[PDB]
>>> print(open('coords.pdb').read())   # PDB, N, CA and C atoms
ATOM      1  N   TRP A 102     -10.089   0.920  -7.508
ATOM      2  CA  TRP A 102     -10.631   1.896  -6.590
ATOM      3  C   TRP A 102     -10.227   3.275  -7.081
ATOM      4  N   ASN A 103     -10.952   4.278  -6.603
ATOM      5  CA  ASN A 103     -11.478   5.332  -7.459
ATOM      6  C   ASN A 103     -12.384   4.629  -8.469
ATOM      7  N   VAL A 104     -12.594   5.204  -9.663
ATOM      8  CA  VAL A 104     -13.463   4.643 -10.704
ATOM      9  C   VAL A 104     -14.618   3.918 -10.003
ATOM     10  N   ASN A 105     -14.728   2.611 -10.167
ATOM     11  CA  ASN A 105     -15.654   1.843  -9.348
ATOM     12  C   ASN A 105     -14.949   1.385  -8.075
ATOM     13  N   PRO A 106     -15.340   1.858  -6.911
ATOM     14  CA  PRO A 106     -14.559   1.597  -5.706
ATOM     15  C   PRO A 106     -14.892   0.268  -5.059
ATOM     16  N   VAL A 107     -14.391   0.177  -3.822
ATOM     17  CA  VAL A 107     -14.894  -0.740  -2.815
ATOM     18  C   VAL A 107     -16.379  -0.503  -2.623
ATOM     19  N   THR A 108     -17.078  -1.551  -2.192
ATOM     20  CA  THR A 108     -18.150  -1.393  -1.216
ATOM     21  C   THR A 108     -17.903  -2.348  -0.068
ATOM     22  N   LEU A 109     -17.590  -1.793   1.090
ATOM     23  CA  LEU A 109     -17.292  -2.582   2.266
ATOM     24  C   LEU A 109     -18.542  -2.709   3.105
ATOM     25  N   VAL A 110     -18.979  -3.938   3.340
ATOM     26  CA  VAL A 110     -20.144  -4.168   4.179
ATOM     27  C   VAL A 110     -19.765  -5.113   5.306
ATOM     28  N   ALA A 111     -19.759  -4.591   6.525
ATOM     29  CA  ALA A 111     -19.878  -5.399   7.724
ATOM     30  C   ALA A 111     -21.354  -5.697   7.916
ATOM     31  N   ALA A 112     -21.669  -6.903   8.370
ATOM     32  CA  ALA A 112     -23.063  -7.281   8.555
ATOM     33  C   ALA A 112     -23.451  -7.002  10.002
ATOM     34  N   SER A 113     -24.233  -5.939  10.204
ATOM     35  CA  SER A 113     -24.838  -5.565  11.481
ATOM     36  C   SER A 113     -23.855  -5.604  12.646
ATOM     37  N   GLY A 114     -24.351  -6.013  13.815
ATOM     38  CA  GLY A 114     -23.515  -6.462  14.920
ATOM     39  C   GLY A 114     -22.341  -5.562  15.250
ATOM     40  N   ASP A 115     -21.199  -6.201  15.492
ATOM     41  CA  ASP A 115     -19.935  -5.517  15.710
ATOM     42  C   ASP A 115     -19.610  -4.610  14.535
ATOM     43  N   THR A 116     -19.392  -3.337  14.832
ATOM     44  CA  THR A 116     -19.061  -2.371  13.803
ATOM     45  C   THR A 116     -17.611  -2.546  13.389
ATOM     46  N   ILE A 117     -17.304  -2.163  12.154
ATOM     47  CA  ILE A 117     -15.910  -1.909  11.818
ATOM     48  C   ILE A 117     -15.422  -0.687  12.590
ATOM     49  N   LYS A 118     -16.098   0.442  12.395
ATOM     50  CA  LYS A 118     -15.864   1.694  13.091
ATOM     51  C   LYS A 118     -17.173   2.469  13.070
ATOM     52  N   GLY A 119     -17.415   3.248  14.120
ATOM     53  CA  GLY A 119     -18.544   4.161  14.125
ATOM     54  C   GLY A 119     -19.919   3.540  13.960
ATOM     55  N   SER A 120     -20.648   3.978  12.928
ATOM     56  CA  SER A 120     -22.064   3.655  12.782
ATOM     57  C   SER A 120     -22.334   2.424  11.918
ATOM     58  N   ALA A 121     -21.295   1.722  11.462
ATOM     59  CA  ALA A 121     -21.358   0.433  10.768
ATOM     60  C   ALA A 121     -21.924   0.509   9.354
ATOM     61  N   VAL A 122     -22.375   1.673   8.895
ATOM     62  CA  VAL A 122     -22.832   1.840   7.517
ATOM     63  C   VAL A 122     -21.697   1.433   6.584
ATOM     64  N   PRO A 123     -21.994   0.901   5.401
ATOM     65  CA  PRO A 123     -20.927   0.379   4.534
ATOM     66  C   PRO A 123     -19.950   1.459   4.081
ATOM     67  N   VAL A 124     -18.647   1.210   4.304
ATOM     68  CA  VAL A 124     -17.617   2.179   3.930
ATOM     69  C   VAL A 124     -17.171   1.957   2.488
ATOM     70  N   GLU A 125     -16.773   3.052   1.842
ATOM     71  CA  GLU A 125     -16.351   3.062   0.452
ATOM     72  C   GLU A 125     -14.987   3.731   0.376
ATOM     73  N   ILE A 126     -14.144   3.266  -0.542
ATOM     74  CA  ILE A 126     -12.782   3.773  -0.649
ATOM     75  C   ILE A 126     -12.556   4.294  -2.061
ATOM     76  N   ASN A 127     -12.428   5.615  -2.194
ATOM     77  CA  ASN A 127     -11.998   6.189  -3.462
ATOM     78  C   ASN A 127     -10.518   5.943  -3.690
ATOM     79  N   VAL A 128      -9.759   5.748  -2.608
ATOM     80  CA  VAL A 128      -8.307   5.864  -2.676
ATOM     81  C   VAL A 128      -7.791   4.918  -3.741
ATOM     82  N   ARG A 129      -7.073   5.478  -4.715
ATOM     83  CA  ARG A 129      -6.777   4.789  -5.963
ATOM     84  C   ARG A 129      -6.077   3.469  -5.692
ATOM     85  N   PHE A 130      -4.791   3.507  -5.363
ATOM     86  CA  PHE A 130      -4.179   2.364  -4.715
ATOM     87  C   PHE A 130      -4.792   2.247  -3.337
ATOM     88  N   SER A 131      -4.936   1.021  -2.858
ATOM     89  CA  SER A 131      -5.264   0.848  -1.454
ATOM     90  C   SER A 131      -4.913  -0.567  -1.052
ATOM     91  N   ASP A 132      -4.748  -0.749   0.248
ATOM     92  CA  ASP A 132      -4.607  -2.065   0.834
ATOM     93  C   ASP A 132      -5.294  -2.049   2.186
ATOM     94  N   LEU A 133      -6.006  -3.131   2.479
ATOM     95  CA  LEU A 133      -6.911  -3.112   3.614
ATOM     96  C   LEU A 133      -6.475  -4.160   4.618
ATOM     97  N   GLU A 134      -5.983  -3.692   5.761
ATOM     98  CA  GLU A 134      -5.650  -4.534   6.898
ATOM     99  C   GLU A 134      -6.721  -4.327   7.953
ATOM    100  N   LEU A 135      -7.506  -5.363   8.216
ATOM    101  CA  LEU A 135      -8.561  -5.242   9.201
ATOM    102  C   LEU A 135      -8.649  -6.519  10.021
ATOM    103  N   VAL A 136      -8.589  -6.357  11.335
ATOM    104  CA  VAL A 136      -8.667  -7.481  12.257
ATOM    105  C   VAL A 136      -9.944  -7.335  13.053
ATOM    106  N   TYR A 137     -10.470  -8.449  13.525
ATOM    107  CA  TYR A 137     -11.576  -8.367  14.457
ATOM    108  C   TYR A 137     -11.002  -8.075  15.840
ATOM    109  N   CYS A 138     -11.434  -6.964  16.437
ATOM    110  CA  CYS A 138     -10.797  -6.374  17.610
ATOM    111  C   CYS A 138     -11.681  -6.572  18.829
ATOM    112  N   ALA A 139     -11.068  -7.039  19.931
ATOM    113  CA  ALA A 139     -11.822  -7.717  20.989
ATOM    114  C   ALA A 139     -13.027  -6.938  21.491
ATOM    115  N   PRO A 140     -13.020  -5.612  21.551
ATOM    116  CA  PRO A 140     -14.272  -4.913  21.846
ATOM    117  C   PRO A 140     -15.212  -4.963  20.654
ATOM    118  N   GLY A 141     -15.410  -6.158  20.097
ATOM    119  CA  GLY A 141     -16.344  -6.354  19.010
ATOM    120  C   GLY A 141     -16.147  -5.368  17.882
ATOM    121  N   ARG A 142     -14.938  -5.304  17.345
ATOM    122  CA  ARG A 142     -14.592  -4.239  16.425
ATOM    123  C   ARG A 142     -13.740  -4.799  15.303
ATOM    124  N   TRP A 143     -13.807  -4.143  14.152
ATOM    125  CA  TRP A 143     -12.934  -4.442  13.026
ATOM    126  C   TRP A 143     -12.056  -3.219  12.777
ATOM    127  N   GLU A 144     -10.771  -3.338  13.106
ATOM    128  CA  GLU A 144      -9.811  -2.270  12.862
ATOM    129  C   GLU A 144      -9.721  -1.979  11.372
ATOM    130  N   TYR A 145      -9.478  -0.721  11.023
ATOM    131  CA  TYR A 145      -9.206  -0.353   9.639
ATOM    132  C   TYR A 145      -8.047   0.630   9.602
ATOM    133  N   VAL A 146      -6.995   0.277   8.864
ATOM    134  CA  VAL A 146      -5.867   1.180   8.689
ATOM    135  C   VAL A 146      -6.314   2.388   7.876
ATOM    136  N   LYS A 147      -6.110   3.582   8.437
ATOM    137  CA  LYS A 147      -6.901   4.757   8.081
ATOM    138  C   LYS A 147      -6.908   5.112   6.602
ATOM    139  N   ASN A 148      -5.827   5.692   6.136
ATOM    140  CA  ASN A 148      -5.688   6.130   4.757
ATOM    141  C   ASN A 148      -4.341   5.623   4.274
ATOM    142  N   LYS A 149      -4.359   4.663   3.356
ATOM    143  CA  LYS A 149      -3.129   3.952   3.060
ATOM    144  C   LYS A 149      -3.237   3.312   1.689
ATOM    145  N   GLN A 150      -2.076   3.061   1.099
ATOM    146  CA  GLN A 150      -1.964   2.436  -0.204
ATOM    147  C   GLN A 150      -0.494   2.118  -0.430
ATOM    148  N   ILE A 151      -0.177   1.621  -1.607
ATOM    149  CA  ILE A 151       1.216   1.467  -1.985
ATOM    150  C   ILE A 151       1.729   2.817  -2.456
TER
ATOM    151  N   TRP B 102      22.280  -0.294   3.303
ATOM    152  CA  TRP B 102      21.684   0.805   2.582
ATOM    153  C   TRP B 102      22.037   2.088   3.324
ATOM    154  N   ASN B 103      21.854   3.211   2.646
ATOM    155  CA  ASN B 103      22.782   4.345   2.708
ATOM    156  C   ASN B 103      24.110   3.790   2.215
ATOM    157  N   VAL B 104      25.229   4.342   2.697
ATOM    158  CA  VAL B 104      26.561   3.778   2.494
ATOM    159  C   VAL B 104      26.603   3.197   1.081
ATOM    160  N   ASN B 105      26.811   1.901   0.957
ATOM    161  CA  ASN B 105      26.672   1.253  -0.331
ATOM    162  C   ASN B 105      25.209   1.244  -0.753
ATOM    163  N   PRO B 106      24.850   1.944  -1.814
ATOM    164  CA  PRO B 106      23.448   2.049  -2.204
ATOM    165  C   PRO B 106      22.946   0.792  -2.899
ATOM    166  N   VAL B 107      21.647   0.687  -2.898
ATOM    167  CA  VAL B 107      20.884  -0.371  -3.543
ATOM    168  C   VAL B 107      20.839  -0.108  -5.037
ATOM    169  N   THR B 108      20.456  -1.113  -5.804
ATOM    170  CA  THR B 108      19.915  -0.868  -7.132
ATOM    171  C   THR B 108      18.685  -1.732  -7.336
ATOM    172  N   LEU B 109      17.535  -1.089  -7.463
ATOM    173  CA  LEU B 109      16.344  -1.730  -7.988
ATOM    174  C   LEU B 109      16.422  -1.612  -9.492
ATOM    175  N   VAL B 110      15.949  -2.624 -10.210
ATOM    176  CA  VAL B 110      16.106  -2.634 -11.660
ATOM    177  C   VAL B 110      14.777  -2.944 -12.326
ATOM    178  N   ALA B 111      14.395  -2.107 -13.283
ATOM    179  CA  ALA B 111      13.399  -2.455 -14.282
ATOM    180  C   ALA B 111      14.036  -2.320 -15.656
ATOM    181  N   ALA B 112      14.201  -3.448 -16.337
ATOM    182  CA  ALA B 112      14.839  -3.502 -17.647
ATOM    183  C   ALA B 112      13.817  -4.029 -18.643
ATOM    184  N   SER B 113      13.424  -3.181 -19.587
ATOM    185  CA  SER B 113      12.370  -3.488 -20.569
ATOM    186  C   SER B 113      11.138  -3.945 -19.788
ATOM    187  N   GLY B 114      10.411  -4.945 -20.284
ATOM    188  CA  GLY B 114       9.274  -5.464 -19.560
ATOM    189  C   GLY B 114       8.318  -4.356 -19.191
ATOM    190  N   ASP B 115       8.064  -4.215 -17.893
ATOM    191  CA  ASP B 115       7.209  -3.166 -17.362
ATOM    192  C   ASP B 115       8.015  -2.196 -16.514
ATOM    193  N   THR B 116       7.539  -0.958 -16.449
ATOM    194  CA  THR B 116       8.188   0.057 -15.642
ATOM    195  C   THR B 116       7.816  -0.141 -14.186
ATOM    196  N   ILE B 117       8.820  -0.149 -13.313
ATOM    197  CA  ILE B 117       8.531  -0.044 -11.890
ATOM    198  C   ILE B 117       7.714   1.214 -11.626
ATOM    199  N   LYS B 118       8.319   2.368 -11.852
ATOM    200  CA  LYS B 118       7.646   3.650 -11.778
ATOM    201  C   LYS B 118       8.257   4.525 -12.853
ATOM    202  N   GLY B 119       7.414   5.222 -13.591
ATOM    203  CA  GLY B 119       7.942   6.148 -14.570
ATOM    204  C   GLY B 119       8.767   5.424 -15.610
ATOM    205  N   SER B 120      10.040   5.808 -15.699
ATOM    206  CA  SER B 120      10.856   5.432 -16.847
ATOM    207  C   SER B 120      11.450   4.034 -16.718
ATOM    208  N   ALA B 121      11.182   3.330 -15.619
ATOM    209  CA  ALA B 121      11.688   1.989 -15.329
ATOM    210  C   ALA B 121      13.190   1.980 -15.094
ATOM    211  N   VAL B 122      13.889   3.096 -15.291
ATOM    212  CA  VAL B 122      15.338   3.089 -15.064
ATOM    213  C   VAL B 122      15.602   2.632 -13.640
ATOM    214  N   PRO B 123      16.749   2.032 -13.343
ATOM    215  CA  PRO B 123      16.944   1.479 -12.005
ATOM    216  C   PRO B 123      16.832   2.555 -10.938
ATOM    217  N   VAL B 124      15.949   2.322  -9.979
ATOM    218  CA  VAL B 124      15.820   3.230  -8.850
ATOM    219  C   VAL B 124      16.720   2.724  -7.745
ATOM    220  N   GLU B 125      17.423   3.662  -7.144
ATOM    221  CA  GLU B 125      18.481   3.372  -6.205
ATOM    222  C   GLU B 125      18.006   3.798  -4.834
ATOM    223  N   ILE B 126      17.990   2.866  -3.898
ATOM    224  CA  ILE B 126      17.592   3.184  -2.540
ATOM    225  C   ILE B 126      18.853   3.566  -1.796
ATOM    226  N   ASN B 127      18.979   4.851  -1.499
ATOM    227  CA  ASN B 127      20.019   5.260  -0.576
ATOM    228  C   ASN B 127      19.685   4.785   0.828
ATOM    229  N   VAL B 128      18.539   5.219   1.348
ATOM    230  CA  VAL B 128      18.292   5.436   2.775
ATOM    231  C   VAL B 128      18.735   4.256   3.633
ATOM    232  N   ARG B 129      19.302   4.553   4.809
ATOM    233  CA  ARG B 129      19.997   3.581   5.653
ATOM    234  C   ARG B 129      19.231   2.287   5.847
ATOM    235  N   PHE B 130      18.192   2.330   6.663
ATOM    236  CA  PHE B 130      17.204   1.279   6.598
ATOM    237  C   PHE B 130      16.336   1.529   5.378
ATOM    238  N   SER B 131      15.707   0.466   4.886
ATOM    239  CA  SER B 131      14.571   0.645   3.995
ATOM    240  C   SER B 131      13.744  -0.628   3.982
ATOM    241  N   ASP B 132      12.480  -0.454   3.604
ATOM    242  CA  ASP B 132      11.533  -1.549   3.430
ATOM    243  C   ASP B 132      11.103  -1.518   1.978
ATOM    244  N   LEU B 133      11.486  -2.524   1.211
ATOM    245  CA  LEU B 133      11.099  -2.543  -0.186
ATOM    246  C   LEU B 133       9.823  -3.349  -0.339
ATOM    247  N   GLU B 134       8.742  -2.653  -0.669
ATOM    248  CA  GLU B 134       7.439  -3.264  -0.876
ATOM    249  C   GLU B 134       6.940  -2.799  -2.232
ATOM    250  N   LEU B 135       6.929  -3.697  -3.209
ATOM    251  CA  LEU B 135       6.406  -3.358  -4.519
ATOM    252  C   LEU B 135       5.535  -4.490  -5.020
ATOM    253  N   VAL B 136       4.619  -4.142  -5.907
ATOM    254  CA  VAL B 136       3.742  -5.118  -6.521
ATOM    255  C   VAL B 136       3.977  -5.070  -8.013
ATOM    256  N   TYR B 137       3.588  -6.131  -8.687
ATOM    257  CA  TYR B 137       3.387  -6.055 -10.119
ATOM    258  C   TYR B 137       1.941  -5.615 -10.290
ATOM    259  N   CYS B 138       1.751  -4.393 -10.788
ATOM    260  CA  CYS B 138       0.454  -3.721 -10.796
ATOM    261  C   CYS B 138      -0.080  -3.673 -12.214
ATOM    262  N   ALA B 139      -1.348  -4.072 -12.381
ATOM    263  CA  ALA B 139      -1.906  -4.337 -13.712
ATOM    264  C   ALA B 139      -1.631  -3.227 -14.715
ATOM    265  N   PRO B 140      -1.603  -1.982 -14.355
ATOM    266  CA  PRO B 140      -0.985  -1.008 -15.268
ATOM    267  C   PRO B 140       0.536  -1.145 -15.310
ATOM    268  N   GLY B 141       1.008  -2.388 -15.475
ATOM    269  CA  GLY B 141       2.405  -2.699 -15.721
ATOM    270  C   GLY B 141       3.372  -1.959 -14.825
ATOM    271  N   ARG B 142       3.040  -1.843 -13.548
ATOM    272  CA  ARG B 142       3.754  -0.902 -12.707
ATOM    273  C   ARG B 142       4.190  -1.594 -11.433
ATOM    274  N   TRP B 143       5.366  -1.228 -10.950
ATOM    275  CA  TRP B 143       5.846  -1.718  -9.669
ATOM    276  C   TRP B 143       5.929  -0.534  -8.725
ATOM    277  N   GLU B 144       4.991  -0.481  -7.797
ATOM    278  CA  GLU B 144       4.852   0.639  -6.890
ATOM    279  C   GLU B 144       5.470   0.278  -5.559
ATOM    280  N   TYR B 145       6.378   1.120  -5.089
ATOM    281  CA  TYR B 145       7.008   0.887  -3.805
ATOM    282  C   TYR B 145       6.740   2.064  -2.889
ATOM    283  N   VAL B 146       6.461   1.749  -1.625
ATOM    284  CA  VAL B 146       6.277   2.794  -0.635
ATOM    285  C   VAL B 146       7.514   3.667  -0.578
ATOM    286  N   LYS B 147       7.314   4.954  -0.800
ATOM    287  CA  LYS B 147       8.413   5.888  -0.684
ATOM    288  C   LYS B 147       8.683   6.159   0.782
ATOM    289  N   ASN B 148       9.954   6.375   1.098
ATOM    290  CA  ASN B 148      10.420   6.320   2.478
ATOM    291  C   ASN B 148       9.988   4.948   2.986
ATOM    292  N   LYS B 149       9.373   4.855   4.158
ATOM    293  CA  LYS B 149       9.064   3.586   4.792
ATOM    294  C   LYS B 149      10.301   2.689   4.836
ATOM    295  N   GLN B 150      11.373   3.207   5.426
ATOM    296  CA  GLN B 150      12.350   2.317   6.027
ATOM    297  C   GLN B 150      11.759   1.717   7.291
ATOM    298  N   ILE B 151      12.359   0.619   7.756
ATOM    299  CA  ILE B 151      11.750  -0.153   8.837
ATOM    300  C   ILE B 151      11.403   0.780   9.976
TER
END
>>> encode(input="coords.pdb", output="structure tokens")
Amino acid sequence: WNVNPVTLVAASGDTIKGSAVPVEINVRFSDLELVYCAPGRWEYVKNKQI
Amino acid sequence: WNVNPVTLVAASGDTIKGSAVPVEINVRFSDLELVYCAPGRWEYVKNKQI
């Protein structure tokens, strides 16, 4: 990540956050903690890495 | 930790960070989180005691 990054795709339905469009991560190091959150949501730890 | 300090060690092999010389964790609490990272690197969260 950076270089060729993530492409994060939630499929329709319950959003990860906001408008559900696929999120991308430039952040060089990164680690992704995401849970399905009862209001039909996928939590994402904001800006983080090692 | 604090008090009697830690010693993290990188000896030859791959560098933890930078020069691989042993990095010493002073701080009272600490959380040691490192990976073996394909650029031969062991990255640990700075600060992030418990």
>>> interface_residues(input="coords.pdb", of="chain A", to="chain B", cutoff="10 Å", atoms="only C-alpha atoms", output="MDAnalysis selection string")
chainID A and resid 130 150:151
>>> resolve_selection(input="coords.pdb", expression="the PyMOL selection byres (((chain A and resi 109-121 and name CA) around 7) and name CA)", output="number ranges by chain")
A: 107-108, 122-125, 141-144
>>> select_by_dssp(input="coords.pdb", residues="chain A", states="strand (DSSP E or B)", output="ChimeraX atom specification")
/A:109,124,137-138,142-143
>>> calpha_fit_rmsd(input="coords.pdb", fixed="chain A", moving="chain B")
0.9 Å
>>> atom_distance(input="coords.pdb", atom1="atom CA of residue B:137", atom2="atom C of residue A:148")
20.1 Å
>>> axis_aligned_box(input="coords.pdb", around="stretch 104-119 of chain A", padding_each_side="4 Å", output="lines of an AutoDock Vina configuration file")
center_x = -18.7
center_y = -1.0
center_z = 2.5
size_x = 20.2
size_y = 20.5
size_z = 34.4
>>> residues_around(input="coords.pdb", residues="residue A:127", least_positions_apart="5", cutoff="8 Å", atoms="only C-alpha atoms", output="list in words")
residues 102, 103, 104, 106 and 107 of chain A
>>> atom_distance(input="coords.pdb", atom1="atom CA of residue A:129", atom2="atom CA of residue B:149")
19.2 Å
>>> atom_distance(input="coords.pdb", atom1="atom C of residue B:133", atom2="atom C of residue A:128")
19.8 Å
